[PDB]
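Next comes just one chain, in structure tokens: the form deposited in one PDB entry.
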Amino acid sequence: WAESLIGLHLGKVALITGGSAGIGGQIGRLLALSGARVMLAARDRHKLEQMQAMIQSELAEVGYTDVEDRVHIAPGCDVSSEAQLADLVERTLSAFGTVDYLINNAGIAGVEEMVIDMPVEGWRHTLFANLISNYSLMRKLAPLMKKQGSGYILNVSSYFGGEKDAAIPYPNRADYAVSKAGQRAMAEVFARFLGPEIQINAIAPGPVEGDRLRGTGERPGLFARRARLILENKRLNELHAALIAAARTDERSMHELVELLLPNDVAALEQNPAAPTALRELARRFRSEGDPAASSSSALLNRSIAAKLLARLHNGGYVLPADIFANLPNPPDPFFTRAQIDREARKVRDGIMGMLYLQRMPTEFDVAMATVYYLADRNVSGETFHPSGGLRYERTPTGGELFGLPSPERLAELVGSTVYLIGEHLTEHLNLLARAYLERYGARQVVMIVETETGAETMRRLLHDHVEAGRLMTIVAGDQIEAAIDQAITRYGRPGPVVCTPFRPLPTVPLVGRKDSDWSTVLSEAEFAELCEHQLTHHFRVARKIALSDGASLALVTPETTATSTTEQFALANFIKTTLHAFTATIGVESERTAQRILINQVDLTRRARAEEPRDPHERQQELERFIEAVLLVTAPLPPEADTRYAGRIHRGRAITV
């Protein structure tokens, strides 16, 4: 089976992150069998030692000699740590000299929570381990590759990282999906810069067969554990959505509404004539869809679900005592029956197996083999190879440019509205949006949330008339956007429409260095992390907070490219646009599937090429008018009757290009 592999990569030096197990282990194994010297990097020394021993044994079996010199390991290497990545490169260059192939394989599953339950530090951790790490290793190794005249960077993405012009929603995995899309976007935008000496591509396998206790989750190993978590999550989502909906149209405070849940009695809530319709209707559903042997059919929640619900409400600025659930009656086991858990487990498994046209999942070996053959191809860069595929799954096309204004019915819903605008750099855009909502669409007030006092003063001067009239209020958020939103909620009221633009512009540093240079001025590992913080994490933090705070709509705006932008700015802008599309699509579907009203969409001020950009003042005025139209199209709320299943799916998770 190895006859076509032996010799294919003879003389090459490869570094494989996550090379002690899974797909990375198989890629390391097959590259070694192909004749490459390999450095396997991971955290656990024992597993690395086992993998090294197995590969060295197989190398000896096929005739290699001095096998100890062909397979090295780098234990203690957590790819989320910049220091460990620097040490990894020092160790690898000391052992083998210049690296020919960088296999950015390491990937963690991540937080595995919906965005509104996702800790901000957890999201950052996923980006560091799965995406920023890929740039860091490229930044350290590409200089030597360019000097020698040849190199290869392979980022191991996923089918769920999307594809060119199509986002793939991955509910409960936004952090992971964004990391995977960024890996592909990096290959797509860096190819022109790294050529002709260096190839950069991504692989995007679908679900792969592997250890049930490991993996990135495309294949769920423990379907039953996954099933129970889905059921606990569903109870939380149903209770949270009904409470948020009820509070929007009830005179009772969220505190008073949560008090209705304290008896923890489904039938009592359903039969309470003074209970909000949303909560009575939910109670009926719990009884109808429930298993009489499960306590979840007679009890609303348990301590675990209650704590997670309380966190959602507190994180949305709702005022409730921390001990509100201290005396919650504890429902008797089982809360969910083995029958309910087993049925959901079958649903999860059949859902995944049913995506496969070939009705079989590839093995890690199969994926590694296709990948090692692919690496021999010297005529591909900026591409995403699917070693496994044939999947029935939902895609959300991105990049549409032909659109108009929303219906007068949606526009009428803006009258008397409280609008939140977030930004700093795009002063003209923020001014025009504030005036549009206030002067043309009758919003009661606009809260301008900026990063700095200088930004606040700039906007206050641009909107002096509305400031003097009490219609434009300014808040300075700094690096505390959640606390700034809490200030807005308490003093000005919860938001209806929200527009989120980036505080910062894109950097203008080089993305690659001259062949015989030290690359001292090239985008740094820290600068790349900063780009992700200002252009991805910024939007995530706002989306998470606004969704938890019951905002009506949210437009995520990407950085602006102009006919004057640097070629590097165009590259970074397109990187952000593609990567954020993964976030927008994922949170749009999460929100739709969980009965959240919030409409989340993306408005792109970035374009693929300068030739498409406005070249004169007429074209510029056309562009700024399209920007306002695009924002209005995604932010004007749907008259509640129109939020059909059909229309609701259309108005969520989409991206349009101005």
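Note that the rigid core is defined as the largest set of C-alphas that superpose within 1.5 Å between two forms. Start at 1 with the first residue shown and count on from there.
Residue-level annotation: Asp211 lacks coordinates in a third or more of the other entries compared, counting only those that model residues on either side of it. Per the compared records, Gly496 is resolved in all of the other entries whose models span it, so no third of them omit it. Mean CA temperature factor is higher for 621-629 when stretches 33-41 and 621-629 are set side by side in the entry. The mean C-alpha temperature factor is higher for 328-336 when 110-118 and 328-336 are set side by side.
The residue among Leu599, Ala611, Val589, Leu605 whose C-alpha carries the highest B-factor in the deposited model is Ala611. Looking only at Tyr101, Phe223, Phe190, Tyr437, the residue with the top Cα B factor in the deposited structure is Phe223. In the PDB entry, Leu59 places in the middle third of its chain by CA B-factor. When all modelled residues of the chain are sorted by CA temperature factor, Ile168 is found within the middle third.
In the PDB entry, a CA B factor belonging to the middle third of its chain's modelled residues is recorded for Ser20.
In this PDB entry, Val348 carries a Cα temperature factor that places it within the highest third of its chain's modelled residues.
Residue-level temperature factors show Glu533 in the lowest third of its chain, judged at the C-alpha atom.
Keep in mind the form deposited in another entry is missing from the figure; the text below concerns it.
Core-superposed comparison between this form and the one not shown: CA of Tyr170 displaced by less than 2 Å. Core-superposed comparison between this form and the one not shown: CA of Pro502 displaced by less than 2 Å. If you compare C-alpha positions, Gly382 and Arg219 are 3 angstroms or more farther apart in that other deposited form than in the form on display. Shown here is a form in which the CA atoms of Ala224 and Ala109 lie at least 3 Å farther apart than they do in that other deposited form.
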